[PDB]
(Lines of atoms letter the chains of each structure in order from A and count residues from 1; the text may use other names and numbers.)
(Lines give C-alpha, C1' and ligand atoms only; values in the text may rest on other atoms or scores of the structure.)
Protein backbone atom coordinates (compact mmCIF):
# COMPACT_ATOMS: atom_id res chain seq x y z
CA UNK A 1 0.00 0.00 0.00
CA UNK A 2 0.86 3.64 0.37
CA UNK A 3 -2.06 4.37 2.71
CA UNK A 4 -1.40 5.43 6.27
CA UNK A 5 -4.13 4.61 8.81
CA UNK A 6 -4.22 6.93 11.87
CA UNK A 7 -6.19 5.47 14.80
CA UNK A 8 -7.82 7.02 17.78
CA UNK A 9 -7.22 4.77 20.82
CA UNK A 10 -9.71 5.00 23.69
CA UNK A 11 -13.20 3.75 22.71
CA UNK A 12 -12.02 3.23 19.10
CA UNK A 13 -9.50 0.42 19.85
CA UNK A 14 -9.93 -0.01 23.62
CA UNK A 15 -13.27 -0.71 25.31
CA UNK A 16 -14.72 2.40 26.91
CA UNK A 17 -17.53 0.32 28.51
CA UNK A 18 -14.89 -1.04 30.90
CA UNK A 19 -15.56 2.26 32.78
CA UNK A 20 -19.22 1.29 33.39
CA UNK A 21 -18.63 -0.23 36.87
CA UNK A 22 -17.17 3.04 38.16
CA UNK A 23 -20.26 4.95 36.99
CA UNK A 24 -22.60 2.23 38.27
CA UNK A 25 -20.97 2.51 41.70
CA UNK A 26 -20.56 6.30 42.05
CA UNK A 27 -23.76 7.36 40.27
CA UNK A 28 -25.93 4.28 40.76
CA UNK A 29 -26.23 4.30 36.97
CA UNK A 30 -23.63 3.07 34.45
CA UNK A 31 -25.38 5.13 31.73
CA UNK A 32 -23.83 8.33 33.18
CA UNK A 33 -20.73 7.28 31.21
CA UNK A 34 -22.57 8.71 28.16
CA UNK A 35 -23.08 12.13 29.83
CA UNK A 36 -19.55 12.34 31.26
CA UNK A 37 -17.83 11.53 27.95
CA UNK A 38 -19.41 14.26 25.85
CA UNK A 39 -18.95 16.78 28.71
CA UNK A 40 -15.25 15.81 28.63
CA UNK A 41 -14.92 16.30 24.87
CA UNK A 42 -16.98 19.53 25.19
CA UNK A 43 -14.54 21.03 27.70
CA UNK A 44 -11.47 19.86 25.81
CA UNK A 45 -12.79 21.86 22.83
CA UNK A 46 -13.65 24.81 25.08
CA UNK A 47 -10.02 24.98 26.29
CA UNK A 48 -8.80 24.74 22.68
CA UNK A 49 -11.10 27.51 21.46
CA UNK A 50 -10.22 29.81 24.39
CA UNK A 51 -6.42 29.33 24.22
CA UNK A 52 -5.94 27.23 27.37
CA UNK A 53 -4.48 23.74 27.74
CA UNK A 54 -4.11 21.06 30.37
CA UNK A 55 -3.34 17.37 29.81
CA UNK A 56 -6.43 15.40 28.73
CA UNK A 57 -6.33 13.07 31.77
CA UNK A 58 -6.54 16.09 34.10
CA UNK A 59 -9.58 17.38 32.26
CA UNK A 60 -11.13 13.87 32.49
CA UNK A 61 -10.77 13.95 36.30
CA UNK A 62 -12.06 17.54 36.58
CA UNK A 63 -15.10 16.71 34.41
CA UNK A 64 -15.79 13.53 36.42
CA UNK A 65 -15.88 15.72 39.57
CA UNK A 66 -18.16 18.26 37.82
CA UNK A 67 -20.63 15.56 36.53
CA UNK A 68 -20.63 14.05 40.03
CA UNK A 69 -21.46 17.46 41.56
CA UNK A 70 -24.26 17.82 38.96
CA UNK A 71 -25.80 14.53 40.11
CA UNK A 72 -25.02 15.33 43.77
CA UNK A 73 -23.01 12.11 43.85
CA UNK A 74 -20.21 11.92 46.43
CA UNK A 75 -16.70 11.34 45.03
CA UNK A 76 -13.49 10.39 46.87
CA UNK A 77 -9.76 10.45 46.01
CA UNK A 78 -10.02 6.65 45.56
CA UNK A 79 -12.76 7.15 42.94
CA UNK A 80 -10.49 9.55 41.02
CA UNK A 81 -7.55 7.15 41.17
CA UNK A 82 -9.90 4.38 39.98
CA UNK A 83 -10.94 6.71 37.12
CA UNK A 84 -7.26 7.11 36.18
CA UNK A 85 -6.59 3.36 36.38
CA UNK A 86 -9.59 2.53 34.21
CA UNK A 87 -9.12 5.36 31.68
CA UNK A 88 -5.52 4.29 31.09
CA UNK A 89 -6.13 0.51 30.97
CA UNK A 90 -9.13 -0.18 28.77
CA UNK A 91 -8.90 -3.69 27.23
CA UNK A 92 -8.75 -4.11 23.41
CA UNK A 93 -11.97 -5.20 21.68
CA UNK A 94 -11.53 -8.71 20.40
CA UNK A 95 -12.10 -7.52 16.78
CA UNK A 96 -8.96 -5.29 16.89
CA UNK A 97 -5.89 -7.56 16.67
CA UNK A 98 -7.58 -9.64 13.83
CA UNK A 99 -8.37 -6.45 11.87
CA UNK A 100 -4.94 -4.81 12.34
CA UNK A 101 -3.23 -8.05 11.25
CA UNK A 102 -5.24 -8.03 8.03
CA UNK A 103 -4.50 -4.33 7.40
CA UNK A 104 -0.80 -4.91 7.93
CA UNK A 105 -1.00 -7.83 5.43
CA UNK A 106 -2.63 -5.55 2.86
CA UNK A 107 0.34 -3.13 3.15
CA UNK A 108 -1.20 -0.24 5.20
CA UNK A 109 1.01 1.62 7.64
CA UNK A 110 -0.46 1.96 11.13
CA UNK A 111 -0.04 4.86 13.57
CA UNK A 112 -2.00 6.19 16.57
CA UNK A 113 -3.08 9.76 17.37
CA UNK A 114 -4.71 10.57 20.73
CA UNK A 115 -5.98 13.54 22.78
CA UNK A 116 -4.20 11.83 25.76
CA UNK A 117 -0.72 13.22 26.38
CA UNK A 118 2.41 11.04 26.50
CA UNK A 119 2.94 9.33 29.86
CA UNK A 120 5.46 6.86 31.30
CA UNK A 121 5.48 3.31 29.94
CA UNK A 122 3.44 1.11 29.81
CA UNK A 123 0.88 2.92 27.63
CA UNK A 124 -2.77 1.77 27.37
CA UNK A 125 -2.01 -0.04 24.09
CA UNK A 126 1.08 -1.68 25.62
CA UNK A 127 -1.00 -2.84 28.62
CA UNK A 128 -3.58 -4.20 26.20
CA UNK A 129 -0.78 -5.94 24.29
CA UNK A 130 -1.42 -4.38 20.86
CA UNK A 131 1.06 -1.49 20.74
CA UNK A 132 3.33 -3.57 18.45
CA UNK A 133 1.02 -3.18 15.40
CA UNK A 134 1.84 0.52 15.20
CA UNK A 135 4.90 2.19 13.74
CA UNK A 136 4.41 5.45 15.74
CA UNK A 137 2.29 6.85 18.55
CA UNK A 138 1.39 10.52 18.14
CA UNK A 139 -0.49 12.86 20.47
CA UNK A 140 -1.96 16.37 20.53
CA UNK A 141 0.53 17.44 23.22
CA UNK A 142 2.95 19.33 20.84
CA UNK A 143 0.04 21.21 19.36
CA UNK A 144 -1.23 22.21 22.89
CA UNK A 145 -4.71 22.02 21.31
CA UNK A 146 -7.24 19.14 21.16
CA UNK A 147 -8.99 17.48 18.24
CA UNK A 148 -10.64 18.55 16.03
CA UNK A 149 -8.32 21.61 15.84
CA UNK A 150 -6.68 21.61 12.37
CA UNK A 151 -3.18 21.88 13.75
CA UNK A 152 -3.35 18.40 15.31
CA UNK A 153 -4.06 16.76 11.93
CA UNK A 154 -1.70 19.04 9.96
CA UNK A 155 1.28 18.48 12.36
CA UNK A 156 0.62 14.70 12.24
CA UNK A 157 0.76 14.78 8.41
CA UNK A 158 3.88 16.90 8.58
CA UNK A 159 5.49 14.54 11.10
CA UNK A 160 4.76 11.52 8.91
CA UNK A 161 5.66 13.33 5.61
CA UNK A 162 2.29 12.31 4.28
CA UNK A 163 -0.15 14.09 2.01
CA UNK A 164 -3.84 14.31 3.08
CA UNK A 165 -4.92 11.97 0.22
CA UNK A 166 -2.66 9.30 1.76
CA UNK A 167 -4.13 9.52 5.28
CA UNK A 168 -7.26 8.02 6.79
CA UNK A 169 -8.40 8.90 10.33
CA UNK A 170 -10.01 5.89 12.00
CA UNK A 171 -12.28 6.62 14.94
CA UNK A 172 -15.57 5.82 16.60
CA UNK A 173 -15.90 9.58 17.19
CA UNK A 174 -17.64 11.53 14.50
CA UNK A 175 -16.05 14.74 15.76
CA UNK A 176 -12.59 13.25 15.01
CA UNK A 177 -13.46 12.07 11.50
CA UNK A 178 -15.00 15.52 10.78
CA UNK A 179 -11.77 17.11 11.99
CA UNK A 180 -9.49 14.98 9.78
CA UNK A 181 -11.79 15.14 6.70
CA UNK A 182 -11.86 18.98 6.93
CA UNK A 183 -8.07 18.78 6.33
CA UNK A 184 -8.50 16.53 3.24
CA UNK A 185 -7.83 13.19 4.93
CA UNK A 186 -10.22 10.29 4.57
CA UNK A 187 -12.35 9.33 7.58
CA UNK A 188 -13.11 5.75 8.58
CA UNK A 189 -15.84 5.47 11.22
CA UNK A 190 -16.15 2.36 13.41
CA UNK A 191 -19.63 2.23 14.91
CA UNK A 192 -18.78 1.36 18.53
CA UNK A 193 -21.90 1.38 20.77
CA UNK A 194 -23.40 4.87 21.39
CA UNK A 195 -21.80 6.52 18.40
CA UNK A 196 -23.82 7.42 15.29
CA UNK A 197 -22.99 9.70 12.37
CA UNK A 198 -24.26 13.28 12.51
CA UNK A 199 -26.60 13.84 9.56
CA UNK A 200 -26.38 17.56 9.00
CA UNK A 201 -26.21 19.53 5.78
CA UNK A 202 -22.54 20.52 4.96
CA UNK A 203 -21.05 18.12 7.55
CA UNK A 204 -18.93 15.53 5.74
CA UNK A 205 -19.98 11.97 6.30
CA UNK A 206 -17.34 9.31 6.89
CA UNK A 207 -15.75 7.84 3.72
CA UNK A 208 -16.00 4.35 5.20
CA UNK A 209 -18.29 2.90 7.88
CA UNK A 210 -18.04 -0.46 9.59
CA UNK A 211 -20.07 -1.86 12.49
CA UNK A 212 -16.83 -3.29 13.88
CA UNK A 213 -13.12 -3.12 13.07
CA UNK A 214 -13.21 -6.21 10.81
CA UNK A 215 -15.98 -4.74 8.66
CA UNK A 216 -14.16 -1.41 8.49
CA UNK A 217 -10.96 -3.19 7.58
CA UNK A 218 -12.92 -4.95 4.78
CA UNK A 219 -13.85 -1.61 3.29
CA UNK A 220 -10.39 -0.10 3.56
CA UNK A 221 -8.84 -3.17 1.89
CA UNK A 222 -11.41 -3.11 -0.94
CA UNK A 223 -10.80 0.60 -1.59
CA UNK A 224 -7.20 -0.34 -2.71
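Residue numbers count along the first chain shown, from 1. Rigid core: the largest C-alpha set superposing within 1.5 Å between the two forms.
More shifted region, core-based fit in 4 other deposited structures of this protein, 2 to 10 vs 214 to 222 by CA: Looking at 2 to 10 and 214 to 222 in 4 other deposited structures of this protein, the bigger mover is 2 to 10.
Stretch exceeding the other in mean C-alpha B-factor - 147 to 155, 117 to 125: On average, C-alpha B-factors are higher across 117 to 125.
Given 178 to 186 and 35 to 43, the range whose Cα B-factors average higher in the PDB entry: Between 35 to 43 and 178 to 186, it is 178 to 186 that shows the higher mean C-alpha B-factor.
Residue 13 CA temperature factor, ranked by third within the chain: For residue 13, the deposited C-alpha B-factor lands in the middle third.
Assigned third (lowest, middle, highest) for the C-alpha B factor of residue 5: Its C-alpha B-factor belongs to the lowest third of this chain's values.
Record-listed C-alpha B factor of residue 112: chain third: CA B-factor rank for residue 112: lowest third.
Lowest, middle or highest third - CA B-factor, residue 193: Middle third.
Among modelled residues of the same chain, the CA temperature factor third for residue 87: Middle third - that is where residue 87 ends up once the chain's C-alpha B-factors are sorted.
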